[PDB]
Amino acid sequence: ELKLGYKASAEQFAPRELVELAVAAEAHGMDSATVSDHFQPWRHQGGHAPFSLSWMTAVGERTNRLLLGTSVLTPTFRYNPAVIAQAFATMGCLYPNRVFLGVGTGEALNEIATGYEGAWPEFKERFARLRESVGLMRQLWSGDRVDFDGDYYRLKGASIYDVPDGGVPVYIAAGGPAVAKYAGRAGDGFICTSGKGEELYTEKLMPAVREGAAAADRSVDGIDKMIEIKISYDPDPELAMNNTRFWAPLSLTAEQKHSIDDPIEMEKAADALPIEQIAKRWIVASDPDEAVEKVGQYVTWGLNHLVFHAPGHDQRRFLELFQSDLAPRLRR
């Protein structure tokens, strides 16, 4: 149940680097690697956005053991859920038992630039589109002919011809209680991120997951409880704090992060923050016991799949540090 993984940051690295880093994750003992799914990075200057599905396939072909998936992909606006279904069914066939689809309700930054017409929908409709799309994708993963007449999406006699016998597991990202309950009800997996305060995890997210599971008569023990642990570990404490600079946009409000449609405007807002405000969001440590105590909290709070997001450009260095300094402590 306890798994240790690596977050491959498409917002920060070009395609070949993003793939090699994930390969290095396996070399260094990681159980999983997850890739963000962006059309546009958070920053204009020095941002990247390699296509997530190409990363998954290239990494799958180069690895033997890593569990691979999106953290996370929005299957509802720029993407056609039927094509996403095909894509993941195909990767499920290529890399058996090694693929998951992580899903999210979306961010304007990926969607408005890519041609979505009119106003960025309110939360109710984005949440509503996500539930429906998950329905449709799973109906397709059955491998049977599908007639689907939803409020957002249609299918008439569609089949996925190549799909693994048990389909494709779905992990659901939630920043609040409403989607977390949905994840407890409907997800094979639950995704959240660290550093937003204990109350969020203990009082809102985990009770909502548990209550969703209860609502659908499910064992909560059966849901993979995954978190992206924002960690900046370096024996040089000056480097540990400074390394967080690139990730300044993640320190903006949820509202700014999901409604700002332009990287230029995003980066403007984000570079108003001093480094010591940005570091609020990150586990900043240069002692490994200090580091693992802080990571240990999430475990205590009910998360079992720990996906490590290190902020610096030197990812190979984080991975060496992780394998020698943190992994032995974290595994117990």
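Quick note: we count residues from 1 along the sequence shown, nothing fancier.
*Asks:* For the C-alpha atoms alone, is the average B factor greater in 206 to 214 or in 145 to 153, going by the entry?
*Replies:* Result: 206 to 214.
*Asks:* Compare the mean C-alpha B-factor of 283 to 291 with that of 302 to 310 as given in the PDB entry, and name the stretch with the higher value.
*Replies:* Per the PDB entry, the higher value belongs to 283 to 291.
*Asks:* Highest CA temperature factor in the entry: which of 195, 169, 249, 237?
*Replies:* Top of the list by C-alpha B-factor: 237.
*Asks:* Go through 269, 66, 49, 278 one by one and give the residue whose Cα B-factor in the PDB entry is largest.
*Replies:* Out of 269, 66, 49, 278, the record gives the largest C-alpha B-factor to 269.
*Asks:* Looking at the entry's B-factor column for C-alpha atoms only, identify whether residue 106 ranks in the lowest, middle or highest third of its chain.
*Replies:* For residue 106, the deposited C-alpha B-factor lands in the middle third.
*Asks:* Considering every modelled residue of the chain and its Cα B-factor in the PDB entry, is residue 274 in the lowest, middle or highest third?
*Replies:* Middle third by C-alpha B-factor.
*Asks:* Sorting by Cα B-factor within the chain, modelled residues only, which third would residue 82 end up in: lowest, middle or highest?
*Replies:* Lowest third - that is where residue 82 ends up once the chain's C-alpha B-factors are sorted.
*Asks:* Based on the entry's values, in what third of the chain does the Cα temperature factor of residue 161 lie: lowest, middle or highest?
*Replies:* It falls in the middle third of the chain.
*Asks:* Would you please rank residue 222 by its C-alpha temperature factor against the other modelled residues of its chain and give the third it falls in: lowest, middle or highest?
*Replies:* Ranked within chain, residue 222 CA B lands in the highest tercile.
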